[PDB]
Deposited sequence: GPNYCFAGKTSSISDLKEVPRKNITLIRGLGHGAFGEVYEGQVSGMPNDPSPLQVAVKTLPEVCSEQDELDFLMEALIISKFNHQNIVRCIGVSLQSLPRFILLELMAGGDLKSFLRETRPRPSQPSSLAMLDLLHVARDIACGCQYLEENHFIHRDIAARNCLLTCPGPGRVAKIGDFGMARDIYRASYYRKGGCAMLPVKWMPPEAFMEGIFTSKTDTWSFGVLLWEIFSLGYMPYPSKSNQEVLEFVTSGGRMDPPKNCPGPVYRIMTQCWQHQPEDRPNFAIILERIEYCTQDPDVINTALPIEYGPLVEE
């Protein structure tokens, strides 16, 4: 009962891990060990509806079918014991939005991030999105809060880690990440992830600000459907802002695909005038 890349899978295909092999270590979702493999353990509340149950199963099926370095791996599940577990790659850096906020330059850490760090995050997630696009999977909620980092320090890799919106489709709408045609007609295509990536790019280069500062969801909806776009984040290089504004083309067919976005990110990455730009320091 779940189809991805033209292949079907069901609960039977999930890799069940004996509960006795699984130890919880600490809350982070928990850090856990499988018998020694470090994992994150996502739990289903025992007090939940059968729809929560089906939601949890679908989440497991979706993440287990992906195979890509910028999408969080599923080690397995433990569904035959209660509470039910999904076992996931442990991402010690935590979520991207929190990371940017915590790790932005300050006097105590004046060079905590550089432009190249942000470009590598952008590349990482764009590579994940390209894999989803080429496999015809529409994510529908590409946003910093949904991405995870392998570790806090140098060599960190960013990955897409949450697929709940796609799971649900398979006041809570992520309006600020959605293109005009998703509001109006409720039409989604891979061009809709392109728009959302544009907004994630603004999040990254703003070092974790909420998009459309000062605007509520409905004000954003009217702004965007009237042609309004966000200004550049502070100190954002022109070439990077231009990737964003191309992602935010009104017509879906005018937005770049992720192969092109990756090309432009790689280009920014080799340009000394981009990567030698200092990030703002937060006081």
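Several segments of the deposited sequence are absent from the coordinates, namely 1 to 2, 31 to 37, 45 to 51, 187 to 196, 310 to 315.
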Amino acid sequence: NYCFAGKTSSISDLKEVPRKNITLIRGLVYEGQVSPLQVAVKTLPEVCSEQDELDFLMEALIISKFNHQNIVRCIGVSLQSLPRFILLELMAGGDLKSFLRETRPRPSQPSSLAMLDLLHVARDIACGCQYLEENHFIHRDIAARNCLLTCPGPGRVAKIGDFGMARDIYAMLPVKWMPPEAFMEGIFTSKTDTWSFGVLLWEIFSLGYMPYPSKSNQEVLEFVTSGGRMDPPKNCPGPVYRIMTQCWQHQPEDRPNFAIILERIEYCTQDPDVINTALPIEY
From here on, numbers count along this sequence of modelled residues.
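C-alpha atoms forming the largest set that superposes within 1.5 Å between two forms make up the rigid core.
Averaged over structures and residues, the CA distance from the shown form in 5 other deposited structures of this protein after a core fit is larger for 103 to 111, of the two stretches 87 to 95 and 103 to 111. Greater average departure of CA atoms from the shown form, over structures and residues in 5 other deposited structures of this protein after a core fit, characterises 157 to 165 among 157 to 165 and 115 to 123.
Looking at mean Cα B-factors across 44 to 52 and 253 to 261, the upper value is held by 44 to 52. Two stretches are in play, 96 to 104 and 178 to 186, and the higher mean C-alpha B-factor belongs to 178 to 186. In the PDB entry, the Cα temperature factor peaks, among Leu88, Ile169, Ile125, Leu116, at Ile169. As recorded in the PDB entry, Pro213 shows the highest C-alpha B-factor of the residues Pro213, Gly161, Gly208, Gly164. Per-chain ranking of the deposited C-alpha B factor places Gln246 in the lowest third. When all modelled residues of the chain are sorted by CA temperature factor, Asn70 is found within the lowest third. The deposited CA B-factor of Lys234 belongs to the middle third of values across its chain. For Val39, the recorded CA B-factor ranks within the middle third of the chain. Only modelled residues enter the ranking. The deposited CA B-factor of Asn146 belongs to the lowest third of values across its chain.
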